Structure formats: C-alpha cells, structure tokens
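# Coordinate inspection notes
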Amino acid sequence: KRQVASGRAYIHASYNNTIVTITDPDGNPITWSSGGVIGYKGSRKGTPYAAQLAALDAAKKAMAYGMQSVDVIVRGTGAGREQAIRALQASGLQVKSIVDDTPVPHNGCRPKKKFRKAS
Amino acid sequence: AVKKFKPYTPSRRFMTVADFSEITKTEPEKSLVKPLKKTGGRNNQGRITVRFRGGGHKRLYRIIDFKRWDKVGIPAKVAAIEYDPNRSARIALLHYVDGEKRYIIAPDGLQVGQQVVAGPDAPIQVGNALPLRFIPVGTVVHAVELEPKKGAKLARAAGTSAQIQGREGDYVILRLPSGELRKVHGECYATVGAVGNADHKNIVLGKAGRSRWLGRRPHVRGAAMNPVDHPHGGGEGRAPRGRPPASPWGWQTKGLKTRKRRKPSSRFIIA
Amino acid sequence: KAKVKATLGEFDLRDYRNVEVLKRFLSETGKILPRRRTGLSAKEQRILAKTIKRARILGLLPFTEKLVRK
Amino acid sequence: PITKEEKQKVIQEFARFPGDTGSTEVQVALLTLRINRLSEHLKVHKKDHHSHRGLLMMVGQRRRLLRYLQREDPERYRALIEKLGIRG
Amino acid sequence: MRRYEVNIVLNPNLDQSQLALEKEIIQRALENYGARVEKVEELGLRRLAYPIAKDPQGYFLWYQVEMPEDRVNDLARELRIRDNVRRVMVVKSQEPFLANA
RNA sequence: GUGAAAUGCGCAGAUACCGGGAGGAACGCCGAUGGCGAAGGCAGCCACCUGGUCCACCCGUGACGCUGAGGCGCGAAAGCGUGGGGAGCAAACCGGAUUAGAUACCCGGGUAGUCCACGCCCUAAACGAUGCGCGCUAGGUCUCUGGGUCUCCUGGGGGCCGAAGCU
C-alpha cells in the first residue's frame, strides 16, 4: 500500500540485543527487526553478527515499501552497534547521515545495584 | 495547633481539642443572614433510615454563600473568621461594599481586613472566585461547582482542595480531593486557595460522650446481634462472620463496587 | 589545537546574554568545556560556568545537543 | 543586614571621645546590635544551627569583655548595661 | 535598594497589542513593588535553544531597576501569574568582569 | 535477562519509534590529588535572611589572655512518633537459577524505608585511628585564595619530596 522512499531508521543496541526500527520522516515505524527476528535467541542475540543479520533483514523489508535513503540514529552501547551501521551503508540504503542520541541522565534517578557499581 | 490536655482524668488523657486562633474576635453568629433554626431529625416519614444518629448539642444553622457569581465585580472586605458548628471548615463573614453581607467557607490564608472579589476579572489570589477557565492551570482551589450555576459542590471539608490539571474545550481537568480526575465545565466557579482549618483531622475525640455531643449514637456490631437481626448475627459464643462480610441488609461490604454502571456522569470521570 | 580564551578579545565572562561569545565554549555535545580547552584560570572557569548555566535556563544556550555524524 | 549608618550611629552614640572606634563600651554595643539582629533571625529560622554557633561565640565575647569592664570600673559598667538593656 | 537585572520571556505569537498590555502590566508590577526603572533593552523575538511551551521562539525583555531587596521575590511571583509570561529571572546586578582584561 | 539459563512480560498487540500528559527523586558537563565548615557534613539556577574566614590601612581599647571538670548546643546513616508523598531504588518477603544443601552470591518482582514537615533517638573504621592555644627549629616542588611603585615580594589555606631532630 503506502510507500515513501525517504524515511528514517533507529538503532537500539543494548548490552543484550540489538533491534532496528525504521520509520517515516517524523518517526512512525514501517518495519523492524532484531537479533530475535533472526534464528538467534538468548545471548547470541547480542552478538554483532546478529545485529548485522537484523540490520539487513530490516533494510530488506523497508526497500519493499519503496525505501531508498534513510537518516540513521543510534541509542546505546553494545557489541552489535557498529556492525549495525556498517551493515546499512553497504546495503542499498543511502545513509543520508548518522546521529547518536543515546539518552543519558543529568544525575537522574538511582540506577539498579548492578549499574550503581559506579560509586 | 490542637490543644492536648493533662491527664487529670482518664479519657481526658487522650482527648484533644482545636486551637481557636483560627477565628478569634467573633463568636456570636450573625443574627441577620446567619440563622435559620436547624432541624435536628435523624429520619424521614417515620422510620429511621440512618442508624445511630441523634442527641448532640442543640444547633443553629449558618446560611453560607455557595454561589458567588451573584456578586461579580463587587469586592468585599473580610470582616471576621467565626465558628461554624455545622461543618468542619470555619466560615468568614464578609461585608460587601454593596452593604450586603454573607458567609463564605473560609479558605486557608484568609485574614481579617482582606478584600476579596469574584468574577472573570478577579486577581488570582486567596478567597477570590472565578470561572475555572480564567484560573491558571496548576493552582489549587476549592468550593468548586460541578455544573455551571448549580452551586459549589466540591472541596469544602476542612483542609480540602482541588487542583487545576488541564484545559479541554469548554471543559477543564480537575484532580479532586479523592484522587479522582474529572472534567468540569469552564463556567463552573471555584474559589482560589484550599479550605483551611486543616488540623481538623487530628482532633482526638477523646471519650465516648463527645461522640454523643456530636449526635453520634453507639454503633452495635453485626455479629453482636442475632440472625433475625443481621447476617453475621448468631453463632454459639463468638464468631468469624462465616463468609463474606455484609451489611445488615445482606449486600457484601468488603470490596464490592456500588456506583451505577451506565451513569452519564461517566465519560467525565477518569479515576 | 585552539585555546578559546586567546581566540576572542576583551570579553565580559559575566554576561549571560552574549550567545555568540558563549556558544564557542560548548562542545558539539553542548557540554561546558574544561580548562584543557577554554584555558581560563580556576577563578575564571567558575564565573564562566555559572553564567553558562543561567543562559541555558534563559533558553539561549542548549543544555545538550545530539551528536551530528559520528 | 546592618547598614553603614546604623553601625556608625551606635558607635558615635557609645564612644568615650569622638574617634574612639574600639573600646570595651563600644565593642559591646556592636555585638548587642548584631546579636539582637541575629537573635531575631534564629527565632524564625530555628533550624539554622550553623549561624547559631556564631551567636554563642559573640555571646561569650560580650561576656568576656563585660567582666573586664566591671573589674576596672563599676561606675560606667552600670551605665552601659542599663543604657543598653542586658543582664538576664 | 539594590540593583537588579530583570529578564522576562513572553509568548512569541502575540499581536503587538496584547504584547503591549502584558508589557504595560509589567510596568505596574515593577512600579508597585517599589522598582525604579533604570535601563531597559527590548531585544524582542529570538530563536531558542530548545522549545519553550511548544515554541522555538520567544520575546525577551531585559530591565535594569533599583528596588527594595525584600519585595523582589514577590515581584517575580507577580510577574509569573500570567499565562503569556513564560520565564522570569531576577539577578542582583554586578558590573562586567572581563577576560583578556 | 544470564556465565548459559529460567522465572517474568507479549498476538488480549509487548519490545523498538513518534506525539500529548502525570508524578517523584537526583542534579550530567563545569568538577580537580579544588573549595567551605568545629565536627557530622555541604554541589542544577534565582532571590532574601544569616554564620564563620582572609587581605590591606596601623586609626581605637590597653593583657580585656589560654585551656576548660560539670553544664549547654550540634551531631552521618539506620531506627521511632504523628501526617503528607512514593517515580526510581530496596532490607524483609516471594518467585527462577546455581548447588550436596543455598534461609546467600546472579535473575524477575516486592513492603517498610529512601523524600517533606514537625518531634524523638545520640551511635559510628564520628579516622588524620594524631585534643586545644602559643613560641622555636633547612629548604625543594604545584596548587587554591588575597595584597604589592606586580621577571617578583608578602599573607592565609590545600598536597607532594625531604635539614636537623624523633621513631
């Protein structure tokens, strides 16, 4: 049905798993994938190879709804993060630009114990 | 402030009374507007229909103003803060420039000598009354109408308030003293500030008379009666309800919701 | 490379409204910059930041900006 | 705070001979003024313990001195205390 | 009295009339709390670092004044009542302190 | 989510993305081997009230000093009382893991409590494990903060290396 060639793609890479969601120019998703969306399940989902496979499987679906160029936007450290970007530039999408918007408190609310290892 | 007493008697050990700083310099109520004799009477056409009500000090009624939009634009000076037997909040007698006098349920902060006024024009300060639209989103406010021109229904218990939460067309979102979130019409007036005499919650009645002075008769437990008398009633020596707690009338009283399902009041409420 | 105090003239680090002067003290992450980069003194770097903060609060300076091509 | 004027007026009002900026009698009346001003403050901000410390330090000073003053001179010891209102 | 630099940020999307009202109310306000107007610089509408009140613009007013220290807090409150006045900032005035001195 | 898992959440439409709103806590960068405070301790911005401290000018008082049994005040966190708040985190508590066992360590929840006010409590590796005041006895090095007819000289404070000496 609907098609747009110029959209936008968000990369969530956690220390566990990497998941890409592709949107329109104002952020309303068109499709997504992730290390779970591939045959991988568990802590292999956090692997960069899976972040790739996702990134391709993700792109490949957007193309089908007319996609060609997208702006890339990352949030959060994680093995698979880099391979994710890499996997999109050489893929058939024109990575019109990249941003990092990993969110980060200005000394916000107290984190869990595991994270509060920073004294 | 709550006076606490020394224990020169049991019971007078736990009893605490109000400060009356509150009101000072005015006790005898306003013969003029104030009084209609109030009618004690704990039921309708014969039968008691609120149990345990009766006795308690003979009491005169003060006729307050719950619709301030009569006097739009006319300011009045706050003339005195006086005692009201008929409600938890205290009341303020205020003389309008108009000559005319009336009693408002006295909001917190309010002090003898202040001038106070109601209208869309009014300054956004204590005791002044205004449509809800012309009141800034965030302020607390009490003595709120619910439908326009129907009189102040919300937030009049001692130390109560509501807070303006948002706008929405002719309507305006309100967080109630309960915690409920309700749209109320923009034209529904409300008086800026909260209610005051907010120590009221902390009176420790102190003994069982007193409870009587306030006209509250003793309340006999369910089990404590016999089966004719009540659902819990019965049982040889002392008993454990025997499923699941119930009013005298039988309907369940632990957790059962009672408000009418298809009420058109719905769609306006959200908590 | 570039020390930022040396790259301006006489300037009043007390003015929480010289956006142009101040803008240059703010990374491309919007952060306050260190003395490793401003090259203000101790005492300066303070009377600086305090005004940088204010200016953020006035709506002149960003508290943070996100990071363009990384 | 305590202004330049309020300060001076007290000083020129308690001197031994115009120009006298120190002196037992004046030093006292300085603190007294600071104290009451401070006294007055802690009465609102009861929770300000830090500033209370200083008061207790002055209070001593005042004492310290008054004891000197009294030792050398009973005459203008009454004068001061009475024309100033202390001894509790 | 102490010297103070008033900052007030108003709605951008205002007809100059309402904008004048608001600014005329501010004069009363300044006036009533004991504020002698000294300077005043109307740098007017400006683009914002981040959206205030859904708007990436805003109309600014600086004001030198001399007033009694005590009532200032109140002025700032009285200046904030208004729906259109989105920011207010009082600041004790102290003369420029220059680098590359 | 982990070590790998599982509990758990999700087609009743979650995670990922966007917009609109609510609420509470803590203030990134600046920020440091930095500063302030008698100590405990004190960190977004603004205004008001208020304590201690430092430098300079050699003007005033004229030994008015030091210490301090007892008294009096302050005293982190936890905990207590009354009432408000409760997003995040989290003793107890429960689930999943692991293990011989696991009343733990790891994971999913979670109640007090954490926060506000008011009043109690009075402890601590309350540690520099070094009571207070004064005088005297090489210097080197970097740092915060003041004063100078400002390659430097002088005063106050914070670290490092070390004469004599002590151990």
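Residues numbered from 1 in each chain as written, not as in the entry; some residues may be left out. Chains lettered and ligands numbered in written order. Part of a larger assembly, values for the part shown. Heavy atoms only, no water.

Method-wise, the PDB entry is recorded as coming from X-ray crystallography, at a reported resolution of 3.3000 Å.

### Regarding the overall build of chain D
From N to C terminus, chain D includes 4 helices and 0 strands. The linear arrangement of helices and strands in chain D, starting from the amino end, is α-α-α-α. Projected onto its principal axes, the C-alpha coordinates of chain D cover approximately 40 × 30 × 20 Å. Considering chain D as a whole, with its 88 residues, one finds that 32% of them fall into the buried category. A separation of at least 24 residues holds for 49% of the contacts in chain D among residues at least 6 apart in sequence. A total of about 6,800 Å² of accessible surface is found on chain D, and carbon and sulfur atoms cover 52% of it. The averaged location of the 11 negative side-chain charges in chain D is 8 Å from the averaged location of its 19 positive side-chain charges. (Helix = DSSP H or I, 4+ residues; strand = E, 2+ residues; numbered from the N terminus. Buried < 20%, exposed > 50% of the residue type's maximum accessible area, 1.4 Å probe, protein only. Contact = heavy atoms within 4.5 Å. Areas by Shrake-Rupley, 256 points an atom, 1.4 Å probe, with all protein chains shown as cover. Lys, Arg positive; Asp, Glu negative; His and termini not counted. Charge placed at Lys NZ, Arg CZ, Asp CG, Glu CD.)

### Remarks on the interface of chain C and chain E
Quoted interface sizes are often the accessible area lost when the parts come together. Each partner contributes residues to the interface: chain C has 22 residues there, and chain E has 21 residues. In terms of surface lost to chain E, no three residues of chain C exceed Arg14, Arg17 and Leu58 of chain C, which account for 30% of the buried area on that side. Seen at the junction of chain C and chain E, the total is 0 salt bridges. Across the contact surface, chain C and chain E share 10 residue pairs in polar contact. When contributions to the side of chain C that touches chain E are tallied by element, the ones reaching two or more residues are β1 (11-12) and α2 (42-58) of chain C. Sort the elements by how many residues they give to the side of chain C that touches chain E and α2 of chain C lands first, with 6 residues. Partitioned by chemical class, the residues of the side of chain C that touches chain E number 12 nonpolar, 2 polar and 8 charged. Sheet topology places β1 of chain C next to strand β6 (residues 98-99) of chain E; 2 bridges connect them, and they run antiparallel. (Buried area = accessible area lost by both parts, 1.4 Å probe. Salt bridge = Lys/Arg side-chain N within 4 Å of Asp/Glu carboxyl O. Polar contact = N/O pair within 3.5 Å; in protein donor to acceptor, adjacent residues only side chain to side chain. Nonpolar A, V, L, I, M, F, W, Y, C, P; charged D, E, K, R; others polar. Pairing = 2+ DSSP bridges.)

### Considering the pattern of salt bridges
Residues and elements named next belong to chain B. For the coordinates displayed, the defined rule picks out 37 salt bridges over all chains. Linking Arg102 and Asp70 is a salt bridge whose minimum nitrogen-to-oxygen distance equals 2.5 Å. On the criterion of sequence distance, the pair formed by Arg102 in strand β7 (residues 101-105) and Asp70 in the loop between β4 (60-62) and β5 (76-82) is long-range, its members being 32 residues apart. Under the relative-accessibility criterion, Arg102 is labelled buried at 14%. Note that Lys71 is salt-bridged to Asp98, the shortest N-O span being 2.3 Å. You can see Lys71 sitting in the loop between β4 and β5 and its partner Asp98 sitting in the loop between β6 (91-96) and β7, a full 27 residues away along the chain. In this structure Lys71 comes out as buried when scored by relative accessible area, which is 9%. Connected through shared salt-bridge partners, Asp65, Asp70, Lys71, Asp98, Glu100 and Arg102 make up one network.

### Observations regarding the sheet that holds strand β1 (residues 6-13) of chain A
Across the sheet, 6 strands lie side by side as β3(A)-β2(A)-β1(A)-β4(A)-β5(A)-β2(C); this open sheet has mixed pairing. Bordering the open sheet on either side are β3 (31-34) of chain A together with β2 (67-68) of chain C, each of which pairs with just one other strand. Docked against the sheet, helix α2 (residues 81-89) of chain A engages β1, β4 (69-75) and β5 (94-100) of chain A, running at close to 160° with respect to β5 of chain A. (Axes fitted to C-alpha atoms, helices over the stretch in contact; angles between N-to-C directions.)

### Quick word on the protein's contact with RNA strand F
Surveying the vicinity of RNA strand F reveals 74 residues, the closest of which are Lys112 of chain A, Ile32 and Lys43 of chain C together with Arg34 and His41 of chain D. Sugar and phosphate atoms form 78% of the subset of RNA strand F atoms that lie within 4 Å of the protein. Within the contact set of RNA strand F, a base nitrogen lies 2.7 Å away from a backbone nitrogen or oxygen of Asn107 of chain A. In the environment of RNA strand F, a sugar or linking oxygen lies 2.4 Å from a nitrogen or oxygen atom belonging to the backbone of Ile32 of chain C. When residues of the surface near RNA strand F are traced back to their parent elements, those giving at least two are β2 (18-23) of chain A, β13 (162-168) of chain B, α2 of chain C, α2 (24-42) and α3 (49-72) of chain D together with β1 (2-10) and α2 (72-78) of chain E. Considering every element that reaches the surface near RNA strand F, the biggest residue donor is α3 of chain D, with 12 residues. Residues of the surface near RNA strand F, tallied by class, amount to 23 nonpolar, 24 polar and 27 charged. (Near = heavy atom within 4 Å.)

### Focus on the layout of surface pockets
The space that makes up the largest pocket amounts to roughly 1,400 Å³. Residue lining of the largest pocket: 38 residues in total, with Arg59, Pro85, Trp213, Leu214 and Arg216 of chain B positioned closest to the centre. Of the residues assigned to the lining of the largest pocket, the class counts are 12 nonpolar, 13 polar and 13 charged. The calculated volume of the second largest pocket comes to roughly 930 Å³. Going through the elements one at a time, α1 (16-32) and α2 of chain E are the ones with two or more residues in the lining of the second largest pocket. With 6 residues, α1 of chain E is the largest single contributor of residues to the lining of the second largest pocket. (1 Å grid on protein atoms, 1.4 Å probe; cavity = no way out; pocket = protein on both sides within 12 Å on 5 of 7 lines; lining within 4 Å. Points joined across faces, edges and corners; volume = space filled by probe spheres on them.)

### Re the side chain of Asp19 of chain B
All names here are of chain B. One can find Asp19 in the loop between β2 (16-17) and β3 (35-37). One buried charged side chain, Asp19, makes no salt bridge at all; its nearest oppositely charged neighbour is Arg90, positioned 5.9 Å away. A polar side-chain atom of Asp19 sits 3.5 Å from the main-chain amide nitrogen of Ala1. A polar contact of 2.7 Å, which involves the side chain of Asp19, links it to the side chain of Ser21. Excluding residues that lie within four positions of it along the chain, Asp19 makes contacts with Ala1, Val2, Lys3 and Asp199.

### Structural notes on α1 of chain E
Residues and elements named next belong to chain E. Between its first and last C-alpha, α1 extends 24 Å over 17 residues, near the 24 Å set by a 1.5 Å rise per residue. Regarding α1, the residues found buried are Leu19, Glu22, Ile26, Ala29 and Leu30. Here the buried residues of α1 occupy an arc of 95° about the axis, which is enough to place them on one side. Counted as exposed and oriented over 90 degrees from the buried face of α1: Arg28, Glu31 and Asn32. (Expected span 1.5 Å × (residues − 1). Arc of directions from axis to C-beta.)

### Thoughts on the packing of aromatic side chains
Two aromatic rings, taken as a pair, are described by how far apart their centres are and by the angle between their planes. Inspection of the entire model under this criterion finds 7 aromatic pairs over all chains. Their ring planes at 75° and their centres at 6.1 Å tell us that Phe20 of chain B and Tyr83 of chain B sit as a pair that is edge-to-face. One end of the pair, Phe20 of chain B, is in the loop between β2 and β3; the other, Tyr83 of chain B, is in the loop between β5 and β6, with 63 residues separating them in the sequence. For the pair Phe63 of chain C and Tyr50 of chain E, a centre-to-centre distance of 6.0 Å together with 35° between the ring planes defines the contact as tilted. Here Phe63 of chain C, found in the loop between α2 and β2, pairs with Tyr50 of chain E, found in strand β3 (residues 41-52), and the two come from separate chains. One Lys or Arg, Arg156 of chain B, reaches over the ring of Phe66 of chain B and ends 3.7 Å from the middle of that ring. (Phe/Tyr/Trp six-rings, centres within 6.5 Å; stacked < 30°, edge-to-face > 60°. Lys NZ or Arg CZ within 6 Å of the ring centre and 35° of its normal.)

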